[PDB]
Structures are given as structure tokens and as C-alpha cells.
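Engineer: need a structure here:
(chains A, B, C, D, E, F and G, ligands or ions: 2)
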Amino acid sequence: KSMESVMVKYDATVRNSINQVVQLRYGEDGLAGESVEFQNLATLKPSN
Amino acid sequence: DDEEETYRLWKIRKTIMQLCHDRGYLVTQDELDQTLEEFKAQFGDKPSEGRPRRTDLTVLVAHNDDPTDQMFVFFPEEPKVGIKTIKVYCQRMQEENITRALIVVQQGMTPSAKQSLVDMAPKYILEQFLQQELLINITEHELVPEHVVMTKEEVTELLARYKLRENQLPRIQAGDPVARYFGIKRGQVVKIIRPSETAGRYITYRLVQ
Amino acid sequence: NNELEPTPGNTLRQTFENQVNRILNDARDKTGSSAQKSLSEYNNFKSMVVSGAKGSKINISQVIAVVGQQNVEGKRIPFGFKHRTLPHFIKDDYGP
Amino acid sequence: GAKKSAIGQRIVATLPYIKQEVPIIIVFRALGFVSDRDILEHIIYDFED
Amino acid sequence: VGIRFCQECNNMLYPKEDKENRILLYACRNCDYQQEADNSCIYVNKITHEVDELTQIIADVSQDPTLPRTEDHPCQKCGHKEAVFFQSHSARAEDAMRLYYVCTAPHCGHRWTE
Amino acid sequence: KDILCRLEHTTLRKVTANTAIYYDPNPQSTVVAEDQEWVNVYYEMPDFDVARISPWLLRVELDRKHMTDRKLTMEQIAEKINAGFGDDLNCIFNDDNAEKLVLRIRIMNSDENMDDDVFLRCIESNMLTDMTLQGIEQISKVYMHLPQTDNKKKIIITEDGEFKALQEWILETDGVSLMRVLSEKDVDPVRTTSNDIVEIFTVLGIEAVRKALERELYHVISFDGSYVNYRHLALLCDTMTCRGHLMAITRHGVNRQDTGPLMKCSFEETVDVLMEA
Amino acid sequence: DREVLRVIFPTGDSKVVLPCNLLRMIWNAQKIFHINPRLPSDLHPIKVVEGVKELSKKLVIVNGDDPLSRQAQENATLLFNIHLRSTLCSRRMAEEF
Ligand SMILES: [Zn+2]
Ligand SMILES: [Zn+2]
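Structural biologist: Numbers count the residues shown, from 1 in each chain, chains lettered A, B, ... in the order given. Ligands and ions are numbered 1, 2, ... in the order given. Have a look at this structure:
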């Protein structure tokens, strides 16, 4: 009941009902949480 | 005791020398890393019946961009502060031509002096602190991201790039610890820079109202 | 005979309860492993546990080896009578 | 409180059909037994304690 | 440490101080019966609370059919070779797993810890 | 362990064995048999007989078990039970080489030139609970352990550039007053935190509330090995702290909103707010 | 980028959630074209470098030309570009893949 009307507007900003900006980009990245998956960096762990 | 008292006065001093360095004032380099025994030798070994009187500790600094605008900080002597006692300072500012002033209150102030500082709005702006709060730099904590205050020329670039008004930004009230650490007035915009795990870096803005 | 020494931050009772739980939990595990390493390739419990269709590796040991130790409110069975759990025991019996 | 800190807790009673709390020694005296050697033998059964 | 009752109206005698001979006087507040104090101390407050319950357990507990018994530890005062033991069953249960005994011989009632 | 004891709160009734109110009309009377030695070796050095000598005495016995565990001895107690309450009291004490630690107190005789007995009992019943020996008032019990997981370890980047974890002692309390705990010495002011978020709001700010709330949501979700994507946590903890202050998601939080009149009529106060409108 | 990762992820883990898988996309291309990992390859390295640059240019999340809209784009696709540059380097794709 709290968060009913938050949605992504046509310029990729996540706005409230009164158009109060909540995030400049959805999830801070801009991607849907449906087409992502786990990977590894393989650059931070090894030694110098 | 005094060993606890010579320790605190050095700690509180080291904090303020960064607080005024953040606001963009000019502080000499070695003043930032003034170790304890160096402080103990310069200003005095002990303030209990000693040379450090909580006066002889005051600081006057000048801005980087302009040598005229200066800031003062006062260390009152009484635990809680009265009325003319700040007017003693208001007179000390009146004589030296300085508007930016701070007072490091020792333990408290009277509802009296709360009325006596909100009146001189257009001139002689003073900031009231507490001795306890200045004992630790909160800006170097883990949870606190990095804030930066934007000039009034940059703020008009946001609202014209994202085609925003100034009512549509996220808000911050000028009463929380970091709003006062930077000396922020209503109508300013502060920029937060935090690292995130999905993108790597994210910049958000806050309107102080 | 007052030969126990409490550990930092532990009452004498609570140190005793913690050790009695360790002895009993290890028997549920060590007996449980015995129930498994004796199973066969044709067993039908192992066939539903291995493929992940239904069941867990503790139901095998509970059916074959030992049900284990019960507890209400996250602690051992309390003294519902006065200094007893049932009228079939003698007072202040702390056995398993 | 800087007053009852020294004396300690006071035994009270909440009788039916009355509004306010009542100290127990009062309701004891309302039955007779005004003396304090006779009251303190109905409540304490051995004076070596 | 005890208590004092008035000898006339049977009430509680309060302690008072007289500025003449430097002696504690017990006074009444209904009448004014007087007398002097023999121990000259008023208040005592035991915070350790290390009272040994050997002074609180009763000798007739050896008639309980729901308590364990022993043939190992005999009684010293009578030589009976059967006892009945239990725990503190009271407060001060921080390190309270001692084991008080009571002889079960009729009319001995001897009690002892170990 | 020393900083542990220095942080924990300790009152007087935790370090006392028993107390007794005696009656010495003269300091040489010494009603109890054996305290005459030390009180006398004070008495040949007699000071502070200014107005009178109070015939009422207060005698306190201490437990060296509870004394040494906090590294206390009655010297510091003796000055602070004086320095902190006034000078109306006067404390003479034993030497700790004697097995039992007793210190006797009399009222300042300047008052004798409301009964003093009830006053002395009031003071006795007031000092054992309002002692404030050490530590912060509200934090009651503080534990100690070093973890084995990589969650609370100290991960450093060595000189050759490898992540190495180190076991380090951490402390956990039951009770919160963080602004003072942060200000103490040899306590890390960066990584110390509290699990209450209104406290972080008053002490640290608003962004710290955002991040702490996110962390606690993550910790409660990933407790049983489950997993939930990040965007949902971020969006929730962003819309929850958007208007500057902490508005809870409750009936009151929804009421204080910039939303229209026909939405607050769907929540239990239709007619009055619509009459206002 | 190796030094920036060590401050983004202080603990030291390596499991992150990202767009399209890269190791599986290399494994697929190794079989749509019958790549024999036994003979010398014909992939010039300065081709790898410039191809990865050009690809990184065409991944716009925030489309704009002026600053404050050309740095938010670099903040959005910061982690993915690091991953893409570390996986498709010239040494690895001439040695392993
Ligand atoms: Zn009488
Ligand atoms: Zn016997």
C-alpha cells in the first residue's frame, strides 16, 4: 500500500506519483533484474 | 584531572582544523597532523591552573579565494553560556570586522542565548556547537559517503540538463550532523558520491530544505 | 561435587546445559553417519534423497538410527511438575 | 525518589468496592488488633528471623 | 539487629540519642518508655547473601518417597548407612549444584553438605 | 578485558559485602572490637574536628573478588565518593594488606551546629544504586569473543597484494549510547556501529540510515541461505528515506503525504479530510 | 581498474551479477567456427584492442554529449567495462581462447 505508483518514465528516471525523482537510473544501473546472472572478476583476487 | 583535559583540547582542536579545511579555508599543513606532545609543549602542559585557559586556543582563518572573508571560533569558559557573554563576542566581531564565527559550547546554552543568536540574521552569522560532538570526525566514518557542495552556477546546469525544477530533488533538512559540518543554508544543493556494486559509482543530489 | 568451573559469561547451570547438548548432538550425527554408510545401491530412500526429489539425509537416520533429542522453546524439556518432568522419575534427575 | 529510597517497598492492598489503594496495617487495624505486637504475630510466625 | 517492643503499649521502640551520657536510648512514640541499648548497633545489610541452607532444611524431608537415596555416605552422628540427597532448590542458583544430605534413620535428622 | 571493564557500568552494591550503621559518639569508642587499630592510627593524626564529631557512623564492607576483577581498590572510590557528592561525608579506610576491605564514613559535623539517622539511611540506600563507578550508564553487560568467520575478521591487503584475513577481538554490548562509546580511547571510531537506526539518524545523519537499513535488510534476508536481487532492496530503502526524515511505513506515515484527497479517503478518515478539502 | 576494484569490493569476493555472460559466449564461438586450439591463430592483437574500444563506445545507458551527462554514462557502465576489458585482453585471447 505504501509504494504503489512508482514506475519508470520515458526518460529512464524512476519517478514518484507527483514526479518526485527517486533514482536517476533504475537500480543505479538501468537494467532489468531479469536478464542478469552471476560471473567472476578474476582481476582483484590474484597477487601482484 | 588534567591529562584527560589536555588530551581532549588537543583532539577537539585537531577536528576543527579539518572542519575549516573542508569549508575551503587555508590551514597550514603541519597544523593538521599536530601530534599530542607537540600541542602539550606549544600551548602548555595542563589547562588545570595552567596556561591553556580555553582562551589562547581561539582560531582565526582566511578563505583561499579571498583574503577578506574570515572565520573565527570561540571557546567559552563557563559550562552554560548567558546573554551578554555572546555579545562580548558579538562586540569582538564588531571590532575586527568578521562575520563568520563559531562558538564551541562547553556543556550547554540557555533558552536565553537561543533567542539571542537567531535575531542577527543579515549579519554576524554564528554557529553553535557542543564540546562532545567535535571529539570525533564523523566524515571519516565508514557509512558516511563523500559530500561536496556545488556552486550556484553548477546547480543551474542540473535543472537544465535533466529538465527539472528544484522541488523535484531529494531533500535533506539543515539539522543533521553533516548539514552543519559543512555550514549549509537553505536553498543549496549538495552532491553525494558513493560506490555501488552494480555500476561501480553513483552520484546523487540533495536539496537542503 | 562442585568440580566444574564456569566459563567467561556463563552461569554454572548454562555451562552444564551447553556441554550436555554437545555430547548428545554428536551422537545424533555419529549415529546418523552409521545409518548412511550401511545403505545399499538398491535402497529406495537413498534414491529419493540423492536425486533431490523428496527428503533429506536426516530422515534416513531418524528412521533407521535415532530420533534424537526434543526441546521446547529452544531449550531442554522443562520441569512441568515440581522438580520433575513426569511422576515416573525421582526428583532433580538430569539424565538424558 | 530521594525519600523512599531508604525505607524501601511498602506492602499495599487493593480491596474490592473501593477506589484507592490501602496500606495493609490500616486494614489490619480496622478488624481490631491495633497493637503492633499483635499484628506482627499474624504475619510473622517466628521472631528469630 | 533484632527488634524491641514497648513494655507498656506493646509497640515498636525507636532508637534515639541523648546529649548527656552518649548512650543509645530506645524510645516509644505512643508513650515515652525508655531504656538503653546493649549492642549499640542499629542497621546491618548482608549483600553477599551466602546463607548456608543447612539452617533452612527440615529433618522430616527423609519421609519423601520421591527423593533419591544412597548407601555410600553414612551418617556420622549415628552411623546409619542410608541417606537422601538433593539440591539447593532455592534462589542463588548461579553456581548451585551442591548436594545436601539428610540421614534417614528415625530420630536422627542429621544434615550435612560435602 | 581492561577496556571491557572500563566500558561496562558498575554500581556500588556490586562491590559491597554488607553494611552496618553503628553508633560511635566518640571515634575512640570503636564499638566493634577490631577496627580500633586503623581508626586509631588515623586518630593520632587527627584532622577535621571542625564543628563536632557526629555520633552516627556508617560502616561498609567490600568484596575484593568483585574489587580486583574491575581493577579497583578503595582509594579511587574514596576520593570519588567524596569528590562528586560534596564534602558532607568523610571516609577513612584500611590498608588492603588486611584481608577484609572496610571504610568508615561520618557526616560532616558542620551540620550539627530533620533527623540525621533517617538522612544517613537515605544516603546509604541512595549511594549503592547511584554510584556510577565506571563505564557508561545505560550499557549493562558487555561480552567478548574473537570470530572465526570472514564476516567480522580484519581483512588486509599485504605488500605482495593478497587478501589476508585476521582474527581480532570484538565487543558486543546490551544497551546503546553510541555518541559516548565512539569518543573513547583505543576504540575504532570508523567501524563501530549500532543496530538501532534512529540513533544513527540522530548521530550520523541520513545517508548512514539508508546504508544501515540496507545492510540489516540484507542480513535478515540472507540468514537462511536465501537470496533476493539488489534493485529491490535499493528501491525500498530509497523510497523509505526520500523526504529527508524517517517516515515509517505505517498508518501515520502514509497520512503525512503530498498525495491528493481521494487517496486519504480510502483510508478510514474519508469524511473529515474531505470536509477539510 | 585493478586498483579501483580493491576499493569498491573491500572484503575480497568475486561473485557479481552482470549482463550477458562472456565465458559462455566465448565457448559458443569456439564451436560455431570449429576453432582448433592446437594451431597458431590469425588474430592480430591491435585488432582486439581497437575492437574492444569501439564496442565499449556503443553501450550507451545515458545518451548525451555535454559533461554531467558524459560522466554519468561512465559511472553507469563502470563495472561491466572493467569486466569486459579484463576478460577480452590480448594475452588471454591469444593464449587460452
Ligand atoms: Zn510504648
Ligand atoms: Zn544419622
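Engineer: What residues does chain G have near chain B?
Structural biologist: Proximity of chain G to chain B, by Cβ under 8 Å from any Cβ of the partner chain, involves residues G:4, G:7-9, G:16-17, G:64, G:66, G:68-69, G:72, G:75-79, G:82. (Each C-beta comes from the backbone N, C-alpha and C, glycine too.)
Engineer: buried subset of these?
Structural biologist: G:8, G:9, G:16, G:17, G:72, G:75, G:76, G:77, G:78, G:79, G:82 (16 or more other Cβ atoms under 10 Å in any protein chain shown).
Engineer: Of the residues you listed, which belong to helices?
Structural biologist: Residues of these located in helices (DSSP state H): G:8, G:72, G:75, G:76, G:79, G:82.
Engineer: follow-up on the earlier one: from the buried ones among the residues of chain G next to chain B, pick the one nearest chain A.
Structural biologist: Ranked by distance to chain A (Cβ to the nearest Cβ), these are led by residue G:17 at 5.0 Å.
Engineer: Okay, and the beta partners of the closest one?
Structural biologist: residue A:38 (DSSP bridges).
Engineer: do you know how far the residue nearest in space to the middle of chain E is from residue E:40?
Structural biologist: Geometric centre of chain E, nearest residue: residue E:55, 5.5 Å, by Cα atoms, centre = their mean. Separation of residue E:55 from residue E:40 (Cβ to Cβ, to the nearest Å): 26 Å.
Engineer: Can you give me the distance of the residue nearest to residue F:178 when sequence neighbours are not counted to ligand 1?
Structural biologist: Leaving aside its chain neighbours, residue F:178 sits nearest to residue F:194 (4.9 Å; criterion: Cβ to Cβ, 6 or more residues apart in numbering or on different chains). Separation of residue F:194 from ligand 1 (Cβ to the ion, to the nearest Å): 60 Å.
Engineer: again with residue D:41
Structural biologist: 17 Å.
Engineer: Which single residue in chain G comes nearest to chain B?
Structural biologist: Closest point on chain G to chain B, by Cβ to the nearest Cβ, is residue G:78, at 3.1 Å.
Engineer: Repeat that for chain D.
Structural biologist: For chain D, Cβ to the nearest Cβ, closest residue to chain B: residue D:2, 23.7 Å.
Engineer: List the buried residues in the helix or strand containing residue C:59.
Structural biologist: Per DSSP states H and E, residue C:59 falls inside helix C:57-64. Across helix C:57-64, burial judged by 16+ other Cβ under 10 Å covers C:60, C:61.
Engineer: Can you tell me what sits against that helix?
Structural biologist: C:28, C:31, C:32, C:35, C:36, C:39, C:45, C:46, C:49, C:68 (Cβ atoms under 8 Å, 6 or more residues apart in numbering or on different chains).
Engineer: give me every residue that touches residue B:34.
Structural biologist: B:10, B:13, B:14, B:17.
Engineer: Which one of these is nearest to chain E?
Structural biologist: Nearest to chain E among the contacts of residue B:34, with distances taken as Cβ to the nearest Cβ, is residue B:10, at 42.4 Å.
Engineer: tell me the contacts of the closest one?
Structural biologist: Here residue B:10 is in contact with B:34, B:36, B:39, B:40 (Cβ under 8 Å, 6+ apart).
Engineer: what's the spacing between it and residue B:1?
Structural biologist: The spacing between residue B:10 and residue B:1, counted by Cβ to Cβ, is 15 Å.
Engineer: again with residue F:154
Structural biologist: From residue F:154 to residue B:1 the distance is 33 Å (Cβ to Cβ).
Engineer: For the two, indicate the residue with more neighbours.
Structural biologist: Applying other Cβ atoms under 10 Å in any protein chain shown to residue F:154 and residue B:1 shows that residue F:154 carries more neighbours, namely 11 against 8.
Engineer: mind checking how far the more buried one is from residue G:3?
Structural biologist: 21 Å.
Engineer: does the residue nearest the centre of chain G count as helix, strand or coil?
Structural biologist: Against the mean C-alpha coordinate of chain G, by Cα atoms, centre = their mean, the closest residue is residue G:84 at 1.2 Å. Using DSSP: H, G, I helix; E, B strand; the rest coil, the structure places residue G:84 in helix.
Engineer: rewinding a little: how many neighbouring residues does the residue of chain D closest to chain B have?
Structural biologist: 9.
Engineer: Am I right that it is in contact with residue F:126?
Structural biologist: Yes - taking Cβ atoms under 8 Å as the contact criterion, residue D:2 and residue F:126 are neighbours in contact, 6.9 Å apart.
Engineer: The closest residue to residue B:172 other than its chain neighbours sits in which helix or strand?
Structural biologist: Spatially, and ignoring its direct neighbours in sequence, residue B:172 is nearest to residue B:206 (4.3 Å; Cβ to Cβ, 6+ apart). Taking DSSP H and E as the criterion, residue B:206 maps to strand B:202-208.
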